[PDB]
Every structure is written in C-alpha cells, then in structure tokens.
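K.L.:
My questions all concern the structure below.
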Amino acid sequence: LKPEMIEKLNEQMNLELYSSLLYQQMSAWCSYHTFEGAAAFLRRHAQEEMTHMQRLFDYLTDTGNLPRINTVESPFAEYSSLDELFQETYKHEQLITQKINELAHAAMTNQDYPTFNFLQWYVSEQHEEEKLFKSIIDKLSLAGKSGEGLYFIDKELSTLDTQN
Amino acid sequence: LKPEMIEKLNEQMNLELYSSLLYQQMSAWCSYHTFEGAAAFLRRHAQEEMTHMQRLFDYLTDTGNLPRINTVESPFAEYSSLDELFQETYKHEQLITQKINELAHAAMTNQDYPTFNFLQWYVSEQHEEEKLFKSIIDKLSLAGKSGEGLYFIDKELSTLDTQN
Amino acid sequence: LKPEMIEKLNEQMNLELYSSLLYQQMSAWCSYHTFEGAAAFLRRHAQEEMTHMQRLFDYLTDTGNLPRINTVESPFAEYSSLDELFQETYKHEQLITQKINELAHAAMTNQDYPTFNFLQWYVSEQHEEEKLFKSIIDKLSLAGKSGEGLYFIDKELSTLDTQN
Amino acid sequence: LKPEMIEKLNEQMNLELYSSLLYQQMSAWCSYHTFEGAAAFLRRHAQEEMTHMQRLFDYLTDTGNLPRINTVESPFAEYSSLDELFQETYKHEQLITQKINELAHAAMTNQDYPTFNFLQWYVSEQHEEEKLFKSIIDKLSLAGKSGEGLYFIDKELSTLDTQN
Amino acid sequence: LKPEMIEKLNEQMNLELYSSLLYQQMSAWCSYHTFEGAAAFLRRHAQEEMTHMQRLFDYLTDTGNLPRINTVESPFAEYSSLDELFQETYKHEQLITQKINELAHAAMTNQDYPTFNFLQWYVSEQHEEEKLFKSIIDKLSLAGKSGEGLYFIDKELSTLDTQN
Amino acid sequence: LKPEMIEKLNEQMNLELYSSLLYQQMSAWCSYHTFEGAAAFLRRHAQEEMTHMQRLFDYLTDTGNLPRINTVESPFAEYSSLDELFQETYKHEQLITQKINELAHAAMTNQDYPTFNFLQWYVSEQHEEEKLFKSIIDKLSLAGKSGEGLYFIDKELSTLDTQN
Amino acid sequence: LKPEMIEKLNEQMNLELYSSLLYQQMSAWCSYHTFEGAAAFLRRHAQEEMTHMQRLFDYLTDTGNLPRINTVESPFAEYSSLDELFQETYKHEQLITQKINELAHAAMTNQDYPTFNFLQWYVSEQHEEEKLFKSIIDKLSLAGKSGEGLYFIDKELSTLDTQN
Ligand SMILES: [Cl-]
Ligand SMILES: [Cl-]
Ligand SMILES: [Cl-]
Ligand SMILES: [Cl-]
Ligand SMILES: [Cl-]
Ligand SMILES: [Cl-]
Ligand SMILES: [Cl-]
Ligand SMILES: [Cl-]
Ligand SMILES: [Cl-]
Ligand SMILES: [Cl-]
Ligand SMILES: [Cl-]
Ligand SMILES: [Cl-]
Ligand SMILES: [Cl-]
Ligand SMILES: [Cl-]
Ligand SMILES: [Cl-]
Ligand SMILES: [Cl-]
Ligand SMILES: [Cl-]
Ligand SMILES: [Cl-]
Ligand SMILES: [Cl-]
Ligand SMILES: [Cl-]
Ligand SMILES: [Cl-]
Ligand SMILES: [Cl-]
Ligand SMILES: [Cl-]
Ligand SMILES: [Cl-]
Ligand SMILES: [Cl-]
Ligand SMILES: [Cl-]
Ligand SMILES: [Cl-]
Ligand SMILES: [Cl-]
Ligand SMILES: [Fe+3]
Ligand SMILES: [Fe+3]
Ligand SMILES: [Fe+3]
Ligand SMILES: [Fe+3]
Ligand SMILES: [Fe+3]
Ligand SMILES: [Fe+3]
Ligand SMILES: [Fe+3]
Ligand SMILES: [Fe+3]
Ligand SMILES: [Fe+3]
Ligand SMILES: [Fe+3]
Ligand SMILES: [Fe+3]
Ligand SMILES: [Fe+3]
Ligand SMILES: [Fe+3]
Ligand SMILES: [Hg+2]
Ligand SMILES: [Hg+2]
Ligand SMILES: [Mg+2]
C-alpha cells in the first residue's frame, strides 16, 4: 500500500472512531433532556460506528500496517433542541460520505484497485446511513410541530434500526 | 450528587474510554509484530472496557448529570517487546485500580453511599483485571525467553478468557 | 470483448492454473522433507487455485470466447528451506495480485465495465491470499529458528484455513 | 446527484419498465403461436424486469429525487418466427447492457462513486442476462432447425431459470 | 369472442397496467414528501394492479386472442397534498369499477356468459378496492386536521393490507 | 323449476354422460393404436365428465325432480389418426360449451337465478376445458408431423392433469 | 522403489494431469459450439482425472519420493465435430490404458509386488473408463445421424456419471 492510502485509510478509521463517540455523547444529551428513545438509538448507532472503525483497523493490519489512533477531539456540544441535534448528525454523516468518496477517488487515481474494492462496502453503507438519518429529520419535520409529537418519534427511535 | 463526585466519576468514565482505545492500539502493535493471539485477546478486552465506560456513562445520566467525553490522548506507542507491552498493560490496570480506590474513598468521606455501592462493581472488576494481566506477565516470564515460547503464549492468548 | 482483454483474461486463467500446480509441487517438496502439515495445507490450496482458474475459464466461455490452456512451465524447484518455499509462495501471490491489478486497470481504460466488475472477485480474493501467505511467513520468522519450532508451525498448517 | 446523472438514471428506469412490457407482449405472441413454454419464460422475465425498474426507482427516491415515469411506447410487434423473436430479445438486452455501461462510465468520470457502486448490481445482472439470452439462441440453432426441434426447446423454455 | 368484447377487454387490460404505473408514480410523490408508509402502500398496490392486468392478459390469450399493450400515457401529476393524492386514487378506482361494470353489461348484452363469468372476479375485487381506498380517505379526514395526525395515518399505511 | 328448464338440465346431464363414454371410447382407440399416454389422459377425463353428470343429476334431485338417463348413442368411431381424434374432442367440448351458454341464457331470460348461479360452475369449467383441449391440438401441430413427435406428446399426455 | 518404477509412476502422474487439462479444454470447445451437456460432462471428468493424478502423487510421497510435475504440453486442438472429439477422448483413454499395462508389466518383471498391487486400482478403473467413453461413442452413433439427436445426447451427458 502506498503511504498516501495507508494514511487516508488510517484517518478515516479515526473519523469512524470520533463518530462513535459523537453519537455516544449525543445520546447523553438526549437522556439529560428526557428523550430516552433517541438516546437508545444513538447508543446502538455508536456501536455500529465502532464496527466501521474496526473494519478499517483490520484492513490496515491485514495489509501489513500498524493502525494509529490519534488524538480524539472532544465531541461535546450544546444543542438547542432534538431537531438541531439530528441536523448535526445527518450533516456529520454527509462529511463521512464525502471523505469516503475522496478515499475512493484517491484509490482510483493511484490505481490501488484493492483499496478501491475494500471501500465499496463503505460507499454502500454510507448510502444506507444517509437514508436512515434523513428519514429521522423527515419524521421530525412531520410529527414534530408540537410537544405531543416529539414524545411519539422518541418512542419510534427506541426500536428504530433493530428489526433483525 | 456532590460536584466533586460528578467530576471524578466523569474522569473515570474517560479513563475507561481511554483504556478501551489503549488496548485496541496495543492490539494493532501485536498484529503488526506477528502476535495474532495477543491481538485477538486485546481486541476482546478493548470491548470490555467500553462496557466499563458505559456503566459510568449510565450512572451519570441516571443521577441527572450530563456525562462529558473529553479529548482522548493518543494511545500510540512503539513498544520494544511483547513483554514491554504487557508490563504497561498491568501498570495501566493498577492505575485504574488506584483511581477506583480513590473514588470509593471520596464516596465514603462525602457520605455518598449510593456511589460507594455503585463503585463496588468496579472494585470487584479490578481485582479480576489485575489477576488476568498479572497471569499474562507471569506466563511470559516463564515460557518465552525465545521465539518458540512467545509462539505458545500467543497460542494461549488467542482463546484466553473466553466465557462458557 | 476487446481482443486485448481476451488475451489477458486468458493469460490470467493460465497463471492461476500454473499456481495450482505450483502449490501441488510445493506440497510434494514439503512431504519429501517431512512437513506433512504444510503439505496438506498446500494441497488444499492447489484445489482453490483450480477454482480461480475455472472461474476465468467460465467467464471466457460465457462471453463467447474459447479459452486456451497453454503450455505449463514445470513448477519443479529444489528449495533450501520451508522458509525459502513460503517466501516464494508469497512472492508468487504478490505477482498474481499485480496481474489482477493490471487486468482491472486495462478494463477501466477500455471502458470494459462488465470485466472490471467480474474481476472484483479476484481483487478481493487476492487481499485474503496475501494475508494468508504473509501470516505464514510471519509464523515462521517467530517460532521456528529450530526443528522444535518448525515442528509446531507444521502442526498449525495441518488444519490452517479450514472452513466452519 | 448531478442533473446529467439524475436524468440518465431516470431514462434507464423507464427502459427497464418498457423491457418488462416488451417481454410481456412477446409472451402473448408466443402463446398465440403455440409456444406456451416460451410464453411462460417470458412471463417470468417480464416480472424480473419490473424488479429492475423498482430498484432504480428506489435509488432515485432514496437520493431525494422524484422519478418520473414517462410515456411508454407500445411494445407491440410482429415476428416472423420464434427464432427471430429471441434474436430481438438478445439485441434488446445488449442495448440495456450498453446503456448500463454508459451509466457506469458517466458515474466514473463525474466521480459519483455512490452511483458507480449502485450500478454494479446491473453490470453484474446484465452479464447473467446476455448469458441467458445467448444460450436460448444457441439452443435454437442446435436443435430447433425443425418442427419437433421447436417443440423441445419450448419444453425447455417452460422451466428455464425457475421463477414460477 | 365478439370483436366489441375483445377490444373492451384489451382496453381494460391496459387500464389496469396504467393503474399500476399511476400508483408506482404516486409512491414517489409520497416518498419525496416524507410519507414512507403511504409510499410503501402504493408500491405494494402497484404490484396488485399488475396482477389484475395479467389476469385479463391470460384470458385474452386463453381465448385465442392476441392482447396488445398500447402506448401508456405518462402517469406524472402534481399534487397539492396527501389528501389530494388519495382523493385521486379513489376517483380512479371508481373509474375502474365503472369500466368493469360496462364490461359486465356488454357481456350480458352480447350473451357472452363465459366473459360475464370471468368478470365476476373483478366485480368483487373492485368492491374490496373501493372499500380499502374509502377507508383511507376516511382515516384521513378523522385523525389528520393537523400535521400531528398525518404522521399516524402514514404509520398505518406502512402495514395496511399486508400481514399476516 | 320451470318445465323447459328441467328438460334442458336433464338434456345436459345426458350430454355429460355421453361425453364420459365418448372419451372412454376414445382412450380405447388410443390403446389399440399404441398411444397409452393419450389413453391414460382420456380415461382420467372420462372420469371427470361423470362428475359433471353427477353434479347435474344432484341438482335435479335436490330441486325435487326426477332425473332421467336417456338412451345413449354409441360413441364408437373409427378415427383416421390421433390428430382427427383430438380435433373431435375439441369440437365436442365446444358443443358442450355452447349448450352451457344456452342453459345460462335460458335461466336469465326466465329469471331462474338459482339455476343461473348453479351453472356458473360449468361456465368456468368449460373455459378450462377449451384451454386444455386446445393446448393439445396445439402440441399436436407443433411436434406431431411425423412418427417421432407422437411419441413425446403421448408421453406428455400420460401425466397431463386437468385440474389446478 | 527402483528408479525405473519411480519414473514410470511419475510419468503416469503427469499423463493423468495432462488428461485433466485435455478434458477441461475439450469442455471449452463443447461450450463454444453450444453442447452444454457435453461440457458439463468433461468438466466433471477433468476433476476425476485430477483425482487419479493425486493418487499417484501420494503413492510416490508415501514411498519416500518427490513427485515431479514436468512441462505440460498445451492440449489445444481443432475438432471437426462432437463425434470426432469423443473419438479422441476414447482414443486417449486407450493410451492411458496401455501405459498402465506397461507399468504393471514393468512392476511384474522387476518383482515390485507393492507397485503391481497399487496399480490394480488403475487397471480396473481404466476398464470402467473405456466402458464409459465407448458407450458415448455408441450413443452418438445411434441417436446422432441428425441435428435433432445431437441435442438429445447432450441432455444425457449433462447428468451422465453422477448418479451417486
Ligand atoms: Cl502508518
Ligand atoms: Cl461528495
Ligand atoms: Cl475536502
Ligand atoms: Cl479535501
Ligand atoms: Cl466495484
Ligand atoms: Cl460487490
Ligand atoms: Cl491502591
Ligand atoms: Cl473476563
Ligand atoms: Cl500492484
Ligand atoms: Cl481460505
Ligand atoms: Cl425506448
Ligand atoms: Cl412523456
Ligand atoms: Cl420492435
Ligand atoms: Cl398480427
Ligand atoms: Cl412458425
Ligand atoms: Cl458496450
Ligand atoms: Cl392526474
Ligand atoms: Cl387486498
Ligand atoms: Cl330414450
Ligand atoms: Cl349423433
Ligand atoms: Cl357459444
Ligand atoms: Cl320479464
Ligand atoms: Cl524422482
Ligand atoms: Cl495394451
Ligand atoms: Cl509403447
Ligand atoms: Cl513403449
Ligand atoms: Cl492382484
Ligand atoms: Cl483387490
Ligand atoms: Fe461509519
Ligand atoms: Fe455512520
Ligand atoms: Fe475498566
Ligand atoms: Fe481493565
Ligand atoms: Fe488464484
Ligand atoms: Fe492464490
Ligand atoms: Fe433484462
Ligand atoms: Fe385493478
Ligand atoms: Fe385497483
Ligand atoms: Fe363436462
Ligand atoms: Fe368436458
Ligand atoms: Fe485417469
Ligand atoms: Fe480417464
Ligand atoms: Hg463491487
Ligand atoms: Hg488384487
Ligand atoms: Mg419482424
């Protein structure tokens, strides 16, 4: 693997880790403001993100490289409401999406067909990630013009994305 | 909850999160240096620490507080030996243990009995942690002053501590 | 299909056939030199390469072309060590990998998307091949600077990579 | 999604629908001319083509677009024979293949990796499609030079690809 | 079969095909305006219409006729609201119901009892269809004077006329 | 029931009896001329026409009338070929169809709704009968213009069921 | 083992390998000329031949020798038709048969009773091989004086020699 691709893969690993912690932290905000269902959702999703993290971790070790976990910025933020929080989440998943595309671009330009192939899993998962987080914005924009409706989506989020 | 206990509980949460990443990182070093068994052991243990972390996360939120994930220092380190790695593992667990003892002590002197009770789970865990990582160092100082001993410890670690 | 892709696909088919025989031959050397475990591993792998070969055979026939089995060079070789043997195994797989990358590249620049798609199966396989044969070299450079280490790698290889 | 891509994808959705209706229509001609087995095979394939259409439709909607089903030209046609009819199915699947490769190319050169990834399902499918239709024509050339020949291929057609 | 009957049956087959495509199109409006339950309902019902279409297709073939898929008018349309959309679906099923009655009447009138008998399936189907779509119109007018209500109807639509 | 209706229904039971006997006699011809598969089919179908007869028998007894089996004309006929035989089974089922239409019409015209309803079963059945016997004539014309094609049609006929 | 017998065994191993590749190549010719059933047969038989190859490979290793895979001649040939191809196959199996007899002869003349015993498996399998390939010539000479019959044996070959 070229040093370029090793580092870009390594950096996405780190971004995948940050995303785990961000959703964890966001679940805390949810709990502190009584949205137990949102909190359960983010907590489950934080674990998914760790899984994404580990898949890159393993590609790196499998190709004879040493994964490097860098300084991880605090994910703490103030959120004005549950709507803004999920705005931030979809916005963040779009950043992940861009970064995966930059990674596939670099793979293609360097003729690193193994890494381009590896990254297809992330290209398609990121498609499912945007679908999921936008539907949450969309359910909120629908039911959430009232205090009685915020309680209802919270109940949905409680079991969203577990029906396996 | 007294604000000193909140801060401390929050410190320990972050230390457990850090430990998670430490062992994950160390798992990386192991694989890069050919010890796939130590690697699978440490990956399994990284996941455990994440549970230790979340149990503190949950206690803070249950008590009406907002846990704060802080910056994580990079666990990256270029170890000279499997031996130098597990020496630092044990060192690190003794530190965790110390910090749990300090938190228990503080609970006692603030007459925070709910927190002292809560922490007994960690005091108990840490005794098992220190046993586990001491038994690994022990296994190294016996079998492996050789590549054909380090080979066999690694064999053992591949399945070490796997529930039944 | 463009006649350059036909020729190349046909080259790769023949290279996979050759690889089959190479590992079979190497299996012979192992048994003659007392390593029955490496031998059973390599026999199992020879069979795999035959499947890699036939998947290319099938693609050529599916696309209206007639695959041509060419002369196979003798894989015979008098290796100095189990180590010299698996070094050449890894070397050989890196070459296979290179040739698959060259075929993917050619598919791209000829805008042969059906073939690029077809080859993703090989790009993916080769990542697993390189991992497998690198992990074997690794296992040798650790345990076995001795007959009582070469004994144990051979034990492992006897069942190495056996599906569940 | 870039506007060029939206429109190409939409046009291909529309081509899949037409394809469904073309094969539905072709099953009628077959039933009317005694080829109840060819009729049945085409019935099944019409159905498959509708699932190819739905998949595009959902990709457009998943990406926040609004697919638009345009006016569909009557697929009605006369055919001089069963051989001729299957010649037109094969020509028509090649047109679909060509169109899918144009989409794949457009995605590549616009660095739309999510759509490139999405379209791989089709590249893959269309290879199986040409294989299937090629072998129906190959079967017609071999056995079906006679009146009873047409009877045996029809009998084969009735259970070919097993989707009833 | 009398020619009046063939043409009317074939017109009806085409109307069912159009109805399929209309509901599929309607499912996009729904998806693009956030009503994923409505959309999934319509999507499942587009499939049902395709089977209504095939059943007429087969009756024409079984009676020695050649059915003909004509040019299909684009189903695209603007809808000011979810209430406007389900209004139009209901008007449309009433139109189908009407056309089926004209067919039934034409069959009595031509003393075509075999066609009259075949149409009974559709007569009773359209009764179930008017029931279903009415029950939607109705469940709209009740729950959803507000955007809070629209949420639950959509949630209902997602499983309506489904399982077990 | 009205007097004209009783005798029409009694006429039709007799026609169904005759049909049972006709097909019995046809399978006899089939055996004598070596088409044992055709014979098995026609034998099974004879058994079906008896059930048709018994069902009109039972409708007559159940409405308080006394069904009368009339003299049956001998169905004996010395057919020039299996083609001529199956042509006449098909003319015959058309006559039965026609007579069921005349009975359905009569029942409408005399407001005898209970008999009209009863007959619906025959109307749908005759549709299934014309399909099935056409489907045989159609096979005969596709793969029976010789000595080697009869062999497979006969083979086919031997397990061709009449139900669904 | 005497060097004579080691080499003759080794050479038969090589002939058994060539035969694997010859049948593989022949299956390609079959597929390219539409005989999918013949192709499936040869492909299955190619695998058998590899098994024969491996049985000699193992006798050699089991007797303390190193199997040697020699240059393998390309098996590519032009065949005028499916009859000539199977003429070549039976002709080739007769060569294998002769070579096995020469081998048993040499074993007997050298008083190598272990090798003579080992070779009995090949003597009897070669009897079954000639039976099988001659029956194919014989089925061809029977059904294959027409284009309609070549299609029929192909269908047989599809499952010939799998009924286990
Ligand atoms: Cl690095
Ligand atoms: Cl982007
Ligand atoms: Cl950027
Ligand atoms: Cl950038
Ligand atoms: Cl890909
Ligand atoms: Cl894939
Ligand atoms: Cl302490
Ligand atoms: Cl444990
Ligand atoms: Cl490379
Ligand atoms: Cl494997
Ligand atoms: Cl078109
Ligand atoms: Cl249009
Ligand atoms: Cl056309
Ligand atoms: Cl026409
Ligand atoms: Cl024709
Ligand atoms: Cl093309
Ligand atoms: Cl409209
Ligand atoms: Cl329904
Ligand atoms: Cl009488
Ligand atoms: Cl008469
Ligand atoms: Cl009539
Ligand atoms: Cl009246
Ligand atoms: Cl030798
Ligand atoms: Cl001989
Ligand atoms: Cl000789
Ligand atoms: Cl000789
Ligand atoms: Cl013997
Ligand atoms: Cl024996
Ligand atoms: Fe992720
Ligand atoms: Fe994500
Ligand atoms: Fe811990
Ligand atoms: Fe610990
Ligand atoms: Fe390979
Ligand atoms: Fe390989
Ligand atoms: Fe298609
Ligand atoms: Fe309908
Ligand atoms: Fe409807
Ligand atoms: Fe009857
Ligand atoms: Fe009948
Ligand atoms: Fe053999
Ligand atoms: Fe053989
Ligand atoms: Hg892919
Ligand atoms: Hg014997
Ligand atoms: Mg034409």
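Note on naming: chains are A, B, ... as they come in the structure tokens, residues start from 1 per chain, ligands start from 1 in the order shown.
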Counting only C-alpha atoms, collect the residues of chain A whose closest atom lies at most 6 Å from chain B, and write them out as a PyMOL selection string.
P.N.:
chain A and resi 66-67+69-74
K.L.:
Identify, counting only C-alpha atoms and all ligand atoms, the protein, DNA and RNA residues located within 10 Å of ligand 8, and give them as JSON, numbers by chain.
P.N.:
{"B": [44, 45, 48, 125, 128, 129, 132, 160, 161, 162, 163]}
K.L.:
Based on the selection just made, write C-alpha atoms of those residues as a PDB file, in the first residue's frame.
P.N.:
```pdb
ATOM      1  CA  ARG B  44     -11.827  -8.649  23.087  1.00  0.00           C
ATOM      2  CA  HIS B  45     -10.650  -6.661  26.074  1.00  0.00           C
ATOM      3  CA  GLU B  48     -14.935  -4.902  27.758  1.00  0.00           C
ATOM      4  CA  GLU B 125     -13.847  -5.999  38.414  1.00  0.00           C
ATOM      5  CA  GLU B 128     -10.230  -9.797  38.262  1.00  0.00           C
ATOM      6  CA  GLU B 129      -8.387  -7.408  35.865  1.00  0.00           C
ATOM      7  CA  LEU B 132      -5.786 -11.588  34.417  1.00  0.00           C
ATOM      8  CA  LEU B 160      -7.692 -16.785  26.794  1.00  0.00           C
ATOM      9  CA  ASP B 161     -10.588 -15.637  28.943  1.00  0.00           C
ATOM     10  CA  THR B 162     -13.442 -16.841  26.740  1.00  0.00           C
ATOM     11  CA  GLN B 163     -16.699 -17.468  28.606  1.00  0.00           C
TER      12      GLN B 163
END
```
K.L.:
Tell me which protein, DNA and RNA residues are within 9 Å of residue 16 in chain C, counting only C-alpha atoms, leaving out same-chain ones fewer than 6 positions away, and put them as a short mmCIF file (atom, residue, chain, number, x, y, z; two decimals) with N, CA, C and O atoms, in the first residue's frame.
P.N.:
```
data_model
loop_
_atom_site.label_atom_id
_atom_site.label_comp_id
_atom_site.auth_asym_id
_atom_site.auth_seq_id
_atom_site.Cartn_x
_atom_site.Cartn_y
_atom_site.Cartn_z
N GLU C 49 -6.94 -22.83 -6.24
CA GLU C 49 -6.45 -22.14 -7.40
C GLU C 49 -7.09 -22.69 -8.67
O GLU C 49 -7.26 -21.99 -9.67
N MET C 50 -7.46 -23.95 -8.60
CA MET C 50 -8.10 -24.58 -9.71
C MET C 50 -9.48 -23.96 -9.90
O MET C 50 -9.92 -23.80 -11.01
N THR C 51 -10.12 -23.61 -8.79
CA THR C 51 -11.40 -22.90 -8.81
C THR C 51 -11.19 -21.47 -9.37
O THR C 51 -11.99 -20.98 -10.15
N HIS C 52 -10.09 -20.82 -9.00
CA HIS C 52 -9.81 -19.48 -9.52
C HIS C 52 -9.64 -19.56 -11.01
O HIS C 52 -10.13 -18.71 -11.74
N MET C 53 -8.94 -20.60 -11.43
CA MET C 53 -8.75 -20.88 -12.85
C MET C 53 -10.07 -21.07 -13.59
O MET C 53 -10.29 -20.45 -14.62
N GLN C 54 -10.95 -21.91 -13.04
CA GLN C 54 -12.21 -22.25 -13.73
C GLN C 54 -13.17 -21.07 -13.76
O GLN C 54 -14.03 -20.99 -14.64
N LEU C 56 -12.36 -18.08 -14.39
CA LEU C 56 -11.90 -17.33 -15.58
C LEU C 56 -12.25 -18.10 -16.83
O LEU C 56 -12.66 -17.55 -17.83
N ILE C 96 0.54 -12.59 -8.70
CA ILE C 96 -0.83 -12.80 -9.13
C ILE C 96 -1.61 -11.49 -8.96
O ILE C 96 -2.33 -11.06 -9.86
#
```
K.L.:
Identify, on the basis of only C-alpha atoms, every residue whose closest approach to residue 139 in chain A does not exceed 9 Å; exclude the query and any residue fewer than 5 positions from it along the same chain; express the result as a VMD selection string.
P.N.:
(chain A and resid 134 144 153) or (chain E and resid 34 to 35 151)
K.L.:
Quick one: of F:14, F:110, F:89, F:98, who's nearest to ligand 22, counting only C-alpha atoms and all ligand atoms?
P.N.:
F:110
K.L.:
At a cut-off of 10 Å and counting only C-alpha atoms and all ligand atoms, what residues surround ligand 4? Please answer as a list in words.
P.N.:
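Residues satisfying the distance criterion: residues 98, 99, 102 and 103 of chain A.
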K.L.:
CA of residue 157 in chain A and CA of residue 137 in chain E are how many Å apart?
P.N.:
28.2 Å
K.L.:
Taking only C-alpha atoms and all ligand atoms and a cut-off of 12 Å, can you tell me which residues surround ligand 9, written as a PyMOL selection string?
P.N.:
(chain A and resi 1-2+110-115) or (chain C and resi 91+93-105+123+126-127+130)
K.L.:
Which residues are close to range 154-156 of chain A, i.e. within 9 Å by only C-alpha atoms, leaving aside same-chain residues fewer than 3 positions away? Reply as a PyMOL selection string.
P.N.:
chain A and resi 35-39+149-151+159-160
K.L.:
Write out as number ranges by chain all residues of range 25-98 of chain E that backbone DSSP assigns to helix (DSSP H, G or I).
P.N.:
E: 25-32, 36-62, 82-98
K.L.:
Suppose you want the space between CA of residue 92 in chain D and CA of residue 55 in chain C; what is it in Å?
P.N.:
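Between CA of residue 92 in chain D and CA of residue 55 in chain C the gap is 26.8 Å.
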K.L.:
Please identify the residues whose atoms come within 6 Å of ligand 44, using only C-alpha atoms and all ligand atoms, and report them as a PDB file with N, CA and C atoms, in the first residue's frame.
P.N.:
```pdb
ATOM      1  N   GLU D  78     -44.802  -7.557 -34.754  1.00  0.00           N
ATOM      2  CA  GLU D  78     -44.927  -8.828 -35.445  1.00  0.00           C
ATOM      3  C   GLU D  78     -43.547  -9.464 -35.435  1.00  0.00           C
ATOM      4  N   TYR D  79     -43.527 -10.786 -35.410  1.00  0.00           N
ATOM      5  CA  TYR D  79     -42.288 -11.513 -35.517  1.00  0.00           C
ATOM      6  C   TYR D  79     -42.543 -12.625 -36.497  1.00  0.00           C
ATOM      7  N   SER D  80     -41.546 -12.920 -37.316  1.00  0.00           N
ATOM      8  CA  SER D  80     -41.730 -13.888 -38.367  1.00  0.00           C
ATOM      9  C   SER D  80     -41.578 -15.258 -37.815  1.00  0.00           C
TER      10      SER D  80
END
```
